[PDB]
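Undergrad: The file below is run_25.pdb, PDB, C-alpha atoms:
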```pdb
ATOM      1  CA  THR W   1     106.312 100.260  83.393  1.00  0.00           C
ATOM      2  CA  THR W   2     102.998 101.184  81.883  1.00  0.00           C
ATOM      3  CA  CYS W   3     102.524 101.904  78.158  1.00  0.00           C
ATOM      4  CA  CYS W   4      99.317 103.171  76.633  1.00  0.00           C
ATOM      5  CA  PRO W   5      98.001 102.932  73.064  1.00  0.00           C
ATOM      6  CA  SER W   6      96.672 106.482  72.846  1.00  0.00           C
ATOM      7  CA  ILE W   7      96.392 109.735  74.875  1.00  0.00           C
ATOM      8  CA  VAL W   8      92.780 108.926  75.806  1.00  0.00           C
ATOM      9  CA  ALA W   9      93.818 105.550  77.177  1.00  0.00           C
ATOM     10  CA  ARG W  10      96.555 107.129  79.308  1.00  0.00           C
ATOM     11  CA  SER W  11      94.190 109.779  80.641  1.00  0.00           C
ATOM     12  CA  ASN W  12      91.632 107.201  81.643  1.00  0.00           C
ATOM     13  CA  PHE W  13      94.437 104.983  83.156  1.00  0.00           C
ATOM     14  CA  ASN W  14      95.442 107.865  85.371  1.00  0.00           C
ATOM     15  CA  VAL W  15      91.886 108.368  86.571  1.00  0.00           C
ATOM     16  CA  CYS W  16      91.545 104.629  87.196  1.00  0.00           C
ATOM     17  CA  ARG W  17      94.618 104.795  89.419  1.00  0.00           C
ATOM     18  CA  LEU W  18      93.354 107.651  91.593  1.00  0.00           C
ATOM     19  CA  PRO W  19      91.523 105.369  94.096  1.00  0.00           C
ATOM     20  CA  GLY W  20      94.499 103.004  94.169  1.00  0.00           C
ATOM     21  CA  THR W  21      93.252 100.399  91.672  1.00  0.00           C
ATOM     22  CA  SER W  22      95.978  97.881  90.750  1.00  0.00           C
ATOM     23  CA  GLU W  23      97.793  98.636  87.515  1.00  0.00           C
ATOM     24  CA  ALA W  24      96.755  95.272  86.098  1.00  0.00           C
ATOM     25  CA  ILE W  25      93.063  96.118  86.387  1.00  0.00           C
ATOM     26  CA  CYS W  26      93.547  99.602  85.017  1.00  0.00           C
ATOM     27  CA  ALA W  27      95.399  97.987  82.098  1.00  0.00           C
ATOM     28  CA  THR W  28      92.575  95.722  81.040  1.00  0.00           C
ATOM     29  CA  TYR W  29      90.105  98.555  81.636  1.00  0.00           C
ATOM     30  CA  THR W  30      91.909 100.917  79.275  1.00  0.00           C
ATOM     31  CA  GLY W  31      93.992  98.885  76.846  1.00  0.00           C
ATOM     32  CA  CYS W  32      97.232 100.076  78.425  1.00  0.00           C
ATOM     33  CA  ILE W  33      99.841  97.405  79.176  1.00  0.00           C
ATOM     34  CA  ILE W  34     102.384  96.631  81.901  1.00  0.00           C
ATOM     35  CA  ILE W  35     105.863  95.605  80.803  1.00  0.00           C
ATOM     36  CA  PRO W  36     108.893  94.593  82.903  1.00  0.00           C
ATOM     37  CA  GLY W  37     111.236  96.839  80.914  1.00  0.00           C
ATOM     38  CA  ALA W  38     111.238 100.627  80.553  1.00  0.00           C
ATOM     39  CA  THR W  39     110.996 100.942  76.758  1.00  0.00           C
ATOM     40  CA  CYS W  40     107.456 101.212  75.447  1.00  0.00           C
ATOM     41  CA  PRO W  41     106.985 100.046  71.869  1.00  0.00           C
ATOM     42  CA  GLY W  42     105.857 102.295  69.032  1.00  0.00           C
ATOM     43  CA  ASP W  43     102.273 101.099  69.122  1.00  0.00           C
ATOM     44  CA  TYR W  44     102.027 101.818  72.872  1.00  0.00           C
ATOM     45  CA  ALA W  45     103.646 105.233  72.609  1.00  0.00           C
ATOM     46  CA  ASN W  46     101.485 107.191  75.078  1.00  0.00           C
TER      47      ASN W  46
END
```
The structure in this file should be written as structure tokens.
TA:
Amino acid sequence: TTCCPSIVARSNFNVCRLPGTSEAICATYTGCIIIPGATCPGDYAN
């Protein structure tokens, strides 16, 4: 599951994914995170 720190970060994550970039690279690029669960924490609410 991906969790993002702000709207901006999510928007740029989604663009990063368009060519098929791995989630892990899009995570470090944006500040979004990948977690094994489905419940994003309050500081990664977007």
Undergrad: Excluding residue 1 in chain W and residues on its chain fewer than 4 positions from it, collect all residues at most 9 Å away from it, counting only C-alpha atoms, and give them as a PyMOL selection string.
TA: chain W and resi 33-40
Undergrad: Return the padded bounding box of range 29-36 of chain W as AutoDock Vina command-line options: axis-aligned, built from all atoms listed in the file, 5 Å added on each side, with centre and edge lengths in Å to one decimal.
TA:
```
--center_x 99.5 --center_y 97.8 --center_z 79.9 --size_x 28.8 --size_y 16.3 --size_z 16.1
```
Undergrad: Give me, please, the distance in Å between CA of residue 22 in chain W and CA of residue 10 in chain W, quoted to one decimal.
TA: 14.7 Å
Undergrad: Hey, what's within 10 Å of residue 41 in chain W if we count only C-alpha atoms and toss same-chain stuff fewer than 4 positions away? As number ranges by chain, please?
TA: W: 3-5, 45-46
Undergrad: Could you save the residues just selected, with C-alpha atoms, as a PDB file, in the frame of the given file?
TA:
```pdb
ATOM      1  CA  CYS W   3     102.524 101.904  78.158  1.00  0.00           C
ATOM      2  CA  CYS W   4      99.317 103.171  76.633  1.00  0.00           C
ATOM      3  CA  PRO W   5      98.001 102.932  73.064  1.00  0.00           C
ATOM      4  CA  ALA W  45     103.646 105.233  72.609  1.00  0.00           C
ATOM      5  CA  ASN W  46     101.485 107.191  75.078  1.00  0.00           C
TER       6      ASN W  46
END
```
Undergrad: Could you tell me which residues the PyMOL selection byres ((chain W and resi 26) around 12) grabs in this file, written as a ChimeraX atom specification?
TA: /W:2-4,9-25,27-34
Undergrad: Output C-alpha atoms for every residue in the selection just made, as a compact mmCIF listing (two decimals), in the coordinates of the input.
TA:
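The result, written out as again.txt:
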```txt
# COMPACT_ATOMS: atom_id res chain seq x y z
CA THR W 2 103.00 101.18 81.88
CA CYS W 3 102.52 101.90 78.16
CA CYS W 4 99.32 103.17 76.63
CA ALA W 9 93.82 105.55 77.18
CA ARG W 10 96.56 107.13 79.31
CA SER W 11 94.19 109.78 80.64
CA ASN W 12 91.63 107.20 81.64
CA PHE W 13 94.44 104.98 83.16
CA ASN W 14 95.44 107.86 85.37
CA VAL W 15 91.89 108.37 86.57
CA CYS W 16 91.54 104.63 87.20
CA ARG W 17 94.62 104.80 89.42
CA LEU W 18 93.35 107.65 91.59
CA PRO W 19 91.52 105.37 94.10
CA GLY W 20 94.50 103.00 94.17
CA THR W 21 93.25 100.40 91.67
CA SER W 22 95.98 97.88 90.75
CA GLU W 23 97.79 98.64 87.52
CA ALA W 24 96.76 95.27 86.10
CA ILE W 25 93.06 96.12 86.39
CA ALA W 27 95.40 97.99 82.10
CA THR W 28 92.58 95.72 81.04
CA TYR W 29 90.10 98.56 81.64
CA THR W 30 91.91 100.92 79.28
CA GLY W 31 93.99 98.88 76.85
CA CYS W 32 97.23 100.08 78.42
CA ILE W 33 99.84 97.40 79.18
CA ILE W 34 102.38 96.63 81.90
```
